[PDB]
Each structure stands twice: as C-alpha cells, then as structure tokens.
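In: Please work out how this folds:
(2 chains)
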Amino acid sequence: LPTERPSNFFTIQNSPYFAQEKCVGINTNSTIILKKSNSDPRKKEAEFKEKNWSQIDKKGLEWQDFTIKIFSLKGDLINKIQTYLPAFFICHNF
RNA sequence: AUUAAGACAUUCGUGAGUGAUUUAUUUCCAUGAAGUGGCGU
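Out: Residues are numbered from 1 along each chain as shown, chains lettered A, B, ... in the order given. What follows is the structure:
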C-alpha cells in the first residue's frame, strides 16, 4: 500500500477482476508504481500517481444510498414492478 | 338624278381592390462497455 493516497482511495489486492493489471507496475502510465526499496532488497514500496488515476478506464465506485425513479402512466405496470423490483436486484449484478 | 346625297358604333375606362402557404406533428423506438483469465501441478 502506498502511504500517500486520497482519503477515498482504497484497494482490493486479490480479486477476480484481472483487467487493468498494468495499473500497478513499472511503466509511467501505471496508477501505482513499484520500485525496489532502498536499504533492504525486495519488499518494494509503492508510489501513487494521481494523474494516472484520472486516466483510468474503469474504477471501483461505492456510493451512499441513492434513488431509483420509475415512471409509468399505467398503474398496473407500476404495481407489478413493485412486487418484482426487490427480487430483480437480489438476482442480478451490474 | 332615282323618297336622294354626306355620316367609322364611336368617346372616356388598369382585371383591379382585400389575402402570411399557413395550421397540427418529440428524430424518436430497442440495445448491459461488456467477455475471459493463463502458467509456475
């Protein structure tokens, strides 16, 4: 973990998401750059580059509670949506 | 020399005056920026 990061910046080290593996490494385009630490060999330390953080294709975003608005002039459609909406989100990922 | 001779159906006169090619009509409908890990047993 680089010990200089924005307060909203967090990492999931081992995840099934294996795209964007170049975001941590050697090249200057990487968001987090690993170089061999001084003194002791191995046990490299990481540096956070905010400029590369901005130009990342995908980010893991978690928000507070947010609203979903469904509009329909058909009352029976809305009431059927109300029954199935809690089940729909439980059964699906996005 | 004979109910005869002379006599432009002609003069003046704008097819002109008023008039919105306008009123009504959603470039909209459907659609996952997604899929997958691999090798070092």
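
In: Could I get the full set of helices for chain A?
Out: Using DSSP state H, the helices of chain A run over A:50-54, A:75-91.

In: can you list contacts of the first one?
Out: Put plainly, it is helix A:50-54. The contact list for helix A:50-54 (C-beta atoms under 8 Å, 6 or more residues apart in numbering) reads A:6, A:9, A:23, A:28-31. To be clear about C-beta, it is placed using only N, CA and C from the backbone, and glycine gets the same treatment.

In: end to end, how far does stretch A:59-79 reach?
Out: 35 Å (C-alpha to C-alpha, to the nearest Å).

In: Could you confirm whether that stretch reaches RNA strand B?
Out: No - between stretch A:59-79 and RNA strand B, judged by C-beta under 7 Å from any atom of the strand, nothing touches; the nearest distance is 11.0 Å.

In: what's the spacing between the most centrally placed residue in chain A and residue A:15?
Out: Geometric centre of chain A, nearest residue: residue A:60, 0.9 Å, by C-alpha atoms, centre = their mean. Distance, residue A:60 to residue A:15, using C-beta to C-beta, to the nearest Å: 9 Å.

In: In TSV: the helices of chain A, plus distance to residue A:40 and mean neighbour count.
Out: Shown next, in TSV, are the helices of chain A (distance: least, C-beta to C-beta, whole Å; neighbours: other C-beta atoms under 10 Å):
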stretch	distance to residue A:40	mean neighbour count
helix A:50-54	27	12
helix A:75-91	49	10
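
In: Stretch A:87-94 close to RNA strand B?
Out: Yes - Stretch A:87-94 lies within reach of RNA strand B by C-beta under 7 Å from any atom of the strand, at A:92-94.
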